[PDB]
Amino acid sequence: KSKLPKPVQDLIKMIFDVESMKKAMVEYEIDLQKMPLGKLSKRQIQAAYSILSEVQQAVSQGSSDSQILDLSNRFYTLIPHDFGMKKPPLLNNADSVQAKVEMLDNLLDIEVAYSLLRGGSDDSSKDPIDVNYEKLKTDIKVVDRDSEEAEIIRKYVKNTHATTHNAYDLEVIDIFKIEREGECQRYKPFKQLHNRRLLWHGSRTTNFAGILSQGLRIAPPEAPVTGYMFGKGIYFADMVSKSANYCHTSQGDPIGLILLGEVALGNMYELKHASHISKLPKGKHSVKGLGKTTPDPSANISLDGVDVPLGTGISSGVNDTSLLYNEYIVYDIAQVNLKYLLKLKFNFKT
């Protein structure tokens, strides 16, 4: 039977949970009778991205109904929904396109996960636990409850947890010291670049299967530039309360995952407002969206050269920014080196 530690085995059970996948699709009113998990395809999703893209472009021009109407149906025909009765939500605005653009991202990770889960080892020589662990291609170790790292991280989860978005409370149940296969050599070169932070990264649980497998990727061109405030790229944060809002957990699903990947930002291109780009100025290596709140810089610590902004949340120099939380963006998957993976539990007060 399995040799891996219980805590790790449990992790392998939620990231490969089919119910979680179906439940994820049901939230999108996706009639599972027309689009089963085994019906999902990457070629189908891209075709969808293109449509959404054509939609956004249309809205920015003013197609004036019709073209948008048919362009809208062209989507729900490719992505089977079940609105019962009303009028299939017309994608005639940025907000509608962003929501849809967000659905494809998750559905894509689910497609990837559903694939791995069903590799080529349906035998019984090895239990499902130890088998699926392989498909991840990421060595996973459990971090003791009472250790330096644990304390640092857990303390990094407490401080950066303000009272504003305190509609819940975080509790570090498990802490893992992950490290995907290859992110070591691929990150070695960029490792020689000053300003290396240990930022947060949250995402739907049904996506970590693809995250550890594929690794934080950058949205493809077929994908709508809408939604992203700084263009296609990898986004992080220093306020654990900023990434948490991306785990999409709830009173019913309190358990969510979050990452702590080391990122060599180098010379940042500080911005206060949204600005779709993806062509940083000659000299910069990353973008930083100035926010109203920021971890107490005086209480910041740094280890192995990596900076850990585990300082209590305070007011930043400028408040004349649409962002209330910082936001670091890198446009090269090779600049990120996932380090930890927390199995946090959300406790809502209501």
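Note that residue numbering follows the sequence shown and begins at 1. We call the rigid core the largest set of C-alpha positions that still match within 1.5 Å between the two forms.
Larger root-mean-square CA separation from the shown form, computed after a rigid core fit of the structures in 4 other deposited structures of this protein, is seen for 89 to 97 when 89 to 97 is set against 247 to 255.
Per-stretch RMS Cα distance to the displayed form in 4 other deposited structures of this protein, following rigid core alignment, is highest for 228 to 236 when 132 to 140 and 228 to 236 are compared. Gaps at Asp122 occur in at least a third of the other compared entries of the protein that contain both adjacent residues. Compared with the other entries of this protein, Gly291 is consistently built, present in every one of those that build its neighbours rather than absent from a third. For the two regions 66 to 74 and 306 to 314, the entry's Cα B-factors average higher over 66 to 74. When the C-alpha B-factors of 127 to 135 and 185 to 193 are averaged, 185 to 193 comes out higher.
Comparing the C-alpha B-factors of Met35, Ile51, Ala58, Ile45 in the entry, the top value falls on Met35.
For the set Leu170, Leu117, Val101, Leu271, the PDB entry assigns the largest Cα B-factor to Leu117. Per-chain ranking of the deposited C-alpha B factor places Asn159 in the middle third. Ranked against the other modelled residues of its chain, the C-alpha B-factor of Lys292 as given in the entry falls in the lowest third. Sort the chain's modelled residues by C-alpha temperature factor and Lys86 lands in the highest third, per the entry. The entry lists a Cα temperature factor for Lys3 that places it in the highest third of the chain's modelled residues.
Among the modelled residues of the chain, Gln251 sits in the highest third by CA temperature factor in this PDB entry.
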